[PDB]
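Undergrad: Below you'll find the structure I mean.
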Amino acid sequence: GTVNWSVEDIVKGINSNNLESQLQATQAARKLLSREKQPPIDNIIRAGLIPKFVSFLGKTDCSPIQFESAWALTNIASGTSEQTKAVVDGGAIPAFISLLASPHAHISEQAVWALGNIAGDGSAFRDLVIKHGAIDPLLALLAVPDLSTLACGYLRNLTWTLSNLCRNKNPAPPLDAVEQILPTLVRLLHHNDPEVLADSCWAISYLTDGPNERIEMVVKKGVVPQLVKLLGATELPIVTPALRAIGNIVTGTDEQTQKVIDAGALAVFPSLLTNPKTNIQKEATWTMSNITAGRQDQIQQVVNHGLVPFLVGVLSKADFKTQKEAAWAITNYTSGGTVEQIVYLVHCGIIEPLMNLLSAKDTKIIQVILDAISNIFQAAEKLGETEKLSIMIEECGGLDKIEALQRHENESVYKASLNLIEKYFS
Amino acid sequence: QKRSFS
Amino acid sequence: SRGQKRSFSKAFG
Numbered sequence: 051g052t053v054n055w056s057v058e059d060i061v062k063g064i065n066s067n068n069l070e071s072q073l074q075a076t077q078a079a080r081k082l083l084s085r086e087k088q089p090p091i092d093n094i095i096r097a098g099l100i101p102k103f104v105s106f107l108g109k110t111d112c113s114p115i116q117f118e119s120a121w122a123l124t125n126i127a128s129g130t131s132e133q134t135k136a137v138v139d140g141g142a143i144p145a146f147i148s149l150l151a152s153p154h155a156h157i158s159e160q161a162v163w164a165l166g167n168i169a170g171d172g173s174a175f176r177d178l179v180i181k182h183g184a185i186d187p188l189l190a191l192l193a194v195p196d197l198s199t200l201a202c203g204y205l206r207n208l209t210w211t212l213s214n215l216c217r218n219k220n221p222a223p224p225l226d227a228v229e230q231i232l233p234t235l236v237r238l239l240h241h242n243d244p245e246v247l248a249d250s251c252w253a254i255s256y257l258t259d260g261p262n263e264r265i266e267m268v269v270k271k272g273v274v275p276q277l278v279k280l281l282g283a284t285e286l287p288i289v290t291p292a293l294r295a296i297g298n299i300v301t302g303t304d305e306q307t308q309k310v311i312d313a314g315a316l317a318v319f320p321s322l323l324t325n326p327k328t329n330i331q332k333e334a335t336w337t338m339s340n341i342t343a344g345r346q347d348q349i350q351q352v353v354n355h356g357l358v359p360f361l362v363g364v365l366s367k368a369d370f371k372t373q374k375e376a377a378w379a380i381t382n383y384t385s386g387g388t389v390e391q392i393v394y395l396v397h398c399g400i401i402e403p404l405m406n407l408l409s410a411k412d413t414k415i416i417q418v419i420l421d422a423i424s425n426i427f428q429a430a431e432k433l434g435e436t437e438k439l440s441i442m443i444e445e446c447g448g449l450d451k452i453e454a455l456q457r458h459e460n461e462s463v464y465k466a467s468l469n470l471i472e473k474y475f476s
Numbered sequence: 003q004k005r006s007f008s
Numbered sequence: 394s395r396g397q398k399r400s401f402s403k404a405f406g
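Chains as they are written, first to last, in our numbering: chain A, 51 to 476; chain B, 3 to 8; chain C, 394 to 406.
Below is the structure:
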């Protein structure tokens, strides 16, 4: 009946002065916009149908046309930024917010879905959805004694839309909007559905991707132990954002970093640093690099958890991006560590894989490794053991690599390599 | 992110 | 002295 209509027939039906003809034509548009291969979104926009669909959202007396027009508009809003703008320009934001209070669950859900797509476009539309007052009615849909009574798909859509209101920077979401959403987000983080847990973790990862004041708002809510629990989940869609959030928190203050260590996060790192997914190994090594950038007692916890051999591991063999993060973890450790901690790093076999990476065609990793070598030599100077280290670097072919770097195109590499040869290899 | 209803 | 904290964008951007 409403399958494979032309755009011309949809326009004729919607322009009729007959509500049932308009309903049939709107359903036909929804089905056209729902097809898997190339839905004619631009053709529907060019036919001037977005203002008609938006007016149909307000037809309280005809719930089927509210649903069909909400679905058609959600399909358009899910497209390119230009296509999402066409929906916003048609006045859809207040019309969708008014539908959040619909007594029909399938209509309310469609409005949740549409607002998530609009807010997900970027910072400006996210902030515009917030200004039109979407947060209060969205949170009211989750104000139930137990989240388990809500329909699974409905709860997943609400969580995803809330995550989009937490997403994007320049600027980050309004502080009061973040404070308003955070108690519901904390509750969703303790739910048992994997998709709700993944999107709640993504929301937390967005909120912690910023200055220390942004991280503090989250950490103050006591979510760090729950994030560490999810970091240990078997589902990769949960581990990925839980690791991102933990990684973001340790970019903060020493005290925020300490909350991560106190919650037992380091006990998961033997598996994360050997994870078969390269992005997990890479972001886990980045997280380690920010912990080794901490206090001497925090570097000591890395040592106590047996993680230095795991850092030697990723430096020895891993995807290059992970090896670069491992080089940063070592340079940070050698910058802030005690002589005893630096001695321990050498005893774990850091020298040979650190020297092997001086052959890489990446100036940034060369700079980071040369800084680590200088830091280790400074520790050896305090013990009068510079000769033992010089021979160690010589034996694994490290001297040949540092000598060749004296004629490198980069100024900082040239200077640092000439300095090491003149100070310890002459 | 954005998601269509198929 | 001490190591430097690096954001997600500083590390991978």
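Where a beta carbon is used, it is the ideal one built from N, C-alpha and C, also for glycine.
Could you give the distance in angstroms between the alpha-carbon of A/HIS458 and the alpha-carbon of A/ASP243?
TA: In the first sequence, the residue the question calls residue 458 of chain A occupies position 408. In the first sequence, the residue the question calls residue 243 of chain A occupies position 193. Rounded to the nearest angstrom, the two C-alpha atoms are 54 angstroms apart.
Undergrad: Assign A/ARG237 to one of three DSSP states: helix, strand, or coil.
TA: Mapped onto the first sequence, residue 237 of chain A falls at position 187. A/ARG237 falls in the helix class under three-state DSSP.
Undergrad: Can you tell which of A/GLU266, A/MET267, A/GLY272, A/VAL396 has the C-alpha that lies nearest to the C-alpha of A/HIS240?
TA: On the first sequence, position 190 is the one that residue 240 of chain A refers to. If we check each option's Cα against that of A/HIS240, A/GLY272 comes out closest.
Undergrad: Do we get a CB-CB distance below 9 angstroms when we pair A/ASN220 with the residues of chain C?
TA: Walking along the first sequence from the start, residue 220 of chain A turns up at place 170. False, the Cβ-Cβ gap to chain C never drops below 9 angstroms.
Undergrad: Where do the N-terminal and C-terminal ends of the alpha helix (DSSP H) with A/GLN351 fall, by residue?
TA: Mapped onto the first sequence, residue 351 of chain A falls at position 301. Looking at the DSSP string, the run of the alpha helix (DSSP H) that includes A/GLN351 is 346-354.
Undergrad: Please decide whether C/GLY406 counts as near chain A, where near means a Cβ-Cβ distance under 9 angstroms.
TA: Residue numbering aside, residue 406 of chain C sits at position 13 when the third sequence is read from its first letter. Answer no: the Cβ-Cβ gap between C/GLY406 and chain A never drops below 9 angstroms.
Undergrad: What does the alpha-carbon distance come out to for the pair A/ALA78 and A/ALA253?
TA: On the first sequence, residue 78 of chain A is found 28 positions in, with the first residue counted as 1. On the first sequence, residue 253 of chain A is found 203 positions in, with the first residue counted as 1. So the alpha carbons of these two residues sit roughly 35 angstroms apart.
Undergrad: Using C-beta distances below 6 angstroms, list every residue in its chain close to A/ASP177, excluding the 5 sequence neighbours before and after it, in chain order.
TA: The sequence position of residue 177 of chain A within the first sequence is 127, counting from 1. Around A/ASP177: no qualifying Cβ.
Undergrad: Measure the Cβ-Cβ separation of A/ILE330 and A/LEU286 and say whether it is below 9 angstroms.
TA: Taking the first sequence and counting its residues from 1, one reaches residue 330 of chain A at position 280. Taking the first sequence and counting its residues from 1, one reaches residue 286 of chain A at position 236. Yes, the Cβ-Cβ distance between A/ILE330 and A/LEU286 is below 9 angstroms.
Undergrad: The alpha helix (DSSP H) with A/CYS251 in it runs from where to where?
TA: On the first sequence, position 201 is the one that residue 251 of chain A refers to. Note, A/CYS251: alpha helix (DSSP H), 244-257.
Undergrad: Pull up the distance between the alpha-carbon of A/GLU132 and that of A/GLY170, whole angstroms please.
TA: The residue you call residue 132 of chain A lines up with position 82 of the first sequence. The residue you call residue 170 of chain A lines up with position 120 of the first sequence. Cα to Cα, the separation comes out at about 13 angstroms.
Undergrad: Take A/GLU333 and list the residues in its own chain whose beta-carbon comes closer than 6 angstroms to its own, dropping the five residues that flank it on each side.
TA: Here residue 333 of chain A corresponds to residue number 283 of the first sequence, with the count starting at 1. Here the set comprises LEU293, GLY297.
Undergrad: Leaving aside the five residues before and after A/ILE471 along the sequence, list all residues of the same chain whose C-beta is less than 7 angstroms from its C-beta, in chain order.
TA: Here the question's residue 471 of chain A lines up with position 421 in the first sequence. Excluding sequence neighbours, A/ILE471 sits near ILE452, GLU453, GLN456.
Undergrad: Taking the C-alpha atoms as reference points, what is the distance between A/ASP304 and A/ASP111?
TA: Counted from its first residue, the first sequence places residue 304 of chain A at position 254. Counted from its first residue, the first sequence places residue 111 of chain A at position 61. So the alpha carbons of these two residues sit roughly 58 angstroms apart.
Undergrad: For A/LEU323, collect the residues of the same chain with a Cβ closer than 8 angstroms to its Cβ; drop the 5 residues on either side in sequence, then sort them by chain order.
TA: Counting from 1 along the first sequence, the entry for residue 323 of chain A is found at position 273. These residues qualify, in order along the chain: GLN331, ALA334, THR335, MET338, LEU357, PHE360, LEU361, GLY363, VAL364.
Undergrad: Taking just the CA atoms, how far does A/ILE392 sit from A/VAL246?
TA: Within the first sequence, the letter at position 196 stands for residue 246 of chain A. Within the first sequence, the letter at position 342 stands for residue 392 of chain A. Spanning the two alpha carbons is a distance of roughly 43 angstroms.
Undergrad: Enumerated in chain order, which unbroken segments of the beta strand (DSSP E) with a length of 3 residues or greater are wholly contained in the stretch 193-233 of chain A?
TA: Complete beta strand (DSSP E) runs here, min 3: none at all.
Undergrad: Assign A/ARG264 to buried or exposed, taking buried as 16 or more other Cβ atoms, counted over all protein chains shown, within 10 Å of its Cβ.
TA: Locating residue 264 of chain A in the first sequence gives position 214, counting from the first residue. It counts as buried.
Undergrad: Distance cutoff 9 angstroms, beta carbons only. Does A/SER385 sit that close to anything in chain C?
TA: By one-based count along the first sequence, residue 385 of chain A stands at place 335. Output row for A/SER385: interface = yes.
Undergrad: Would you mind sorting A/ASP412 into buried or exposed? The rule is 16 or more other CB atoms within 10 Å of its CB.
TA: Counting from one through the first sequence, the residue named residue 412 of chain A turns up at place 362. A/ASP412 comes out exposed.
Undergrad: Would you report the Cα separation of A/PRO403 and A/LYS374, rounded to the nearest angstrom?
TA: Counted from its first residue, the first sequence places residue 403 of chain A at position 353. Counted from its first residue, the first sequence places residue 374 of chain A at position 324. The alpha-carbon atoms of A/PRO403 and A/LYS374 are separated by roughly 12 angstroms.
Undergrad: Taking the C-alpha atoms as reference points, what is the distance between A/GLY386 and B/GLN3?
TA: Against the first sequence, residue 386 of chain A aligns to sequence position 336. Against the second sequence, residue 3 of chain B aligns to sequence position 1. Distance between the alpha carbons of A/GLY386 and B/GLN3: 39 angstroms.
Undergrad: Determine the DSSP secondary structure at A/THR328, reduced to helix, strand or coil.
TA: If you number the first sequence from 1, residue 328 of chain A lands on position 278. A/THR328: helix per DSSP, three-state reduction.
Undergrad: Between A/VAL364 and chain C, is there a C-beta pair that is closer than 9 angstroms?
TA: What you label residue 364 of chain A is simply residue 314 of the first sequence in a count that begins at 1. It does not; no Cβ of chain C falls within 9 angstroms.
Undergrad: For A/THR372, which residues in the same chain have their Cβ closer than 8 angstroms to its Cβ, ignoring the five residues on either side in sequence?
TA: Here the question's residue 372 of chain A lines up with position 322 in the first sequence. Once the five neighbours on either side are set aside, the close Cβ partners of A/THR372 are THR328, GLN331, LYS332, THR335, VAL364.
Undergrad: Note down, in chain order, all residues in the stretch 273-299 of chain A with a beta-carbon under 8 angstroms from any beta-carbon belonging to chain C.
TA: Per Cβ criterion, the list reads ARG294, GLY297, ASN298.
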